[PDB]
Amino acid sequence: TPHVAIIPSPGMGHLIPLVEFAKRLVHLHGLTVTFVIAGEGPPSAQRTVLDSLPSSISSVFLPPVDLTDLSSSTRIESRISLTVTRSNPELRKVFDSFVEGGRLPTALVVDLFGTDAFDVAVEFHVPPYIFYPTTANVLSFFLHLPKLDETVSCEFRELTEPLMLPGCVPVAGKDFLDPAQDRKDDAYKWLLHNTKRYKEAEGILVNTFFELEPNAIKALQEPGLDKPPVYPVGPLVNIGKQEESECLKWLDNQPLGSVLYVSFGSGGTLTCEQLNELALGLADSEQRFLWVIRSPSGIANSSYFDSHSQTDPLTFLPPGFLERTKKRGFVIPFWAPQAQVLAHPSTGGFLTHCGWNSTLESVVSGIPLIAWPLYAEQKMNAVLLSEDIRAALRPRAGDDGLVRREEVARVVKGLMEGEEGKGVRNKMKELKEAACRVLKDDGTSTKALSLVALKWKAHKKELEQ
């Protein structure tokens, strides 16, 4: 059977969907999968995700890459991209051992920043594929970026008209994903470099689905200059049926649909001032909430690589906040069993950083959103979710960028109980239905993944014969 090697670039938001993808490949398509894990140190969260997999899935952990030459100011996308790039020598060794074992992969699947691993795929005559863990809208942006880079000579924030790619929500230059915001920085150089390599992929599998981004998917699937086949295969998520304990026990004690979940992904934190206003506004709202909290930082993605929290986040909360909210709020530091929370009947809303896994998980459970983007492509996702899909409400930030407690309370109440939240709640109901539809045996996302697996089985067949 085809053996598929999956090489994630660092990030829980890459590993998680890739694990869901691997499980589908083994359980639904009878393939074997090996994760080849590049990084700087042992896995953290990561082990919980890689644990308990079918034996048709193995993991190889490469020697840690030397990124000691990088300045502490290095942007995450540089670090993420270079972790895969500098790992190529160790990846070659792993491929040699696959060859010796009679298990040369039928495909090498990288994620959105891992395209330099294509060098190893090409060297071993293994078809390269990209598993793209965020939206068809942002994928369109990535595929266009080589052209945009060529045709536009200002920093993107200076553009006076929004970018409006076929089928895509318009996005202002100033809202393009974080690594696009400073074209002199290595983060842009690595972003650009990756995007230039997308045309080398034999296929791009994208974690989204037709009803969610119909216009962008249609556009992506139209023949184009140097454009690879694009396969929507989502929503590939943890549906939250696995057996942290205390916060779920708390949740069990709350009324149906009553709890606002609040979480900023695996790597997001707020400034001090924003943490303070959010706490105060959550309390003001008088809504029930379950907040996964991290210590504040001036850098929104400062926790991206962190295995744990050195400081106690609770020490940053305002006077009396924990007292006032003792019954109606549950504050959990650093990590929650999010898939379980979003699938829980007592959950009714999600204040999200708009990371795409969090978004998909929320869609699959019909949970409406407040869109609170922080970094990476989250602002692009927030524009898509609020202006096009219309499944998120957005808080108003002041001219200093601060969302004040009054706005927090207003939007929370709007989502949980108010008229403004009925539109988004209804839209999420429709998307929840659609999420089921597309993953049925003859659902569009299932069809797309099946086409890829079939291509891999055929390739293996031809090679071995």
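A residue's number is simply how far along the shown sequence it sits, counting from 1.
What size is the break between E243 and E244 in terms of deposited sequence residues left without coordinates: none, 1 to 3, 4 to 9, or 10 or more? 4 to 9 residues lack coordinates between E243 and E244.
Please classify the coordinate gap between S44 and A45 in terms of deposited residues: none, 1 to 3, 4 to 9, or 10 or more. Unmodelled stretch: 1 to 3 residues, a short break.
For the stretches 2-10 and 456-464, which has the higher mean C-alpha B-factor as given in the deposited record? On average, C-alpha B-factors are higher across 456-464.
Per the record, averaged over C-alpha atoms, which has the higher B-factor: 170-178 or 245-253? Mean CA B-factor is higher for 245-253.
Out of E150, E211, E377, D388, residue topping the C-alpha B-factor column of the entry: Out of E150, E211, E377, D388, the record gives the largest C-alpha B-factor to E150.
Residue with highest C-alpha B-factor in the PDB entry, from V49, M428, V411, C436: That would be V49, according to the entry.
What third of the chain does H29 rank in for C-alpha temperature factor, lowest, middle or highest? CA B-factor rank for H29: highest third.
Using the B-factors in the PDB entry, rank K440's C-alpha atom against the chain and give the third, lowest, middle or highest. It belongs to the middle third of the chain when residues are ordered by C-alpha B-factor.
Lowest, middle or highest third: which one holds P128 when the chain's residues are ordered by CA B-factor from the entry? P128: CA B-factor falls in the lowest third of its chain.
Ordered by C-alpha B-factor within the chain, which third holds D306? Give me lowest, middle or highest, please. CA B-factor rank for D306: highest third.
Looking at the C-alpha B-factor of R92, is it in the lowest, middle or highest third of its chain? For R92, whose C-alpha B-factor we compare with every modelled residue in the chain, the answer is the highest third.
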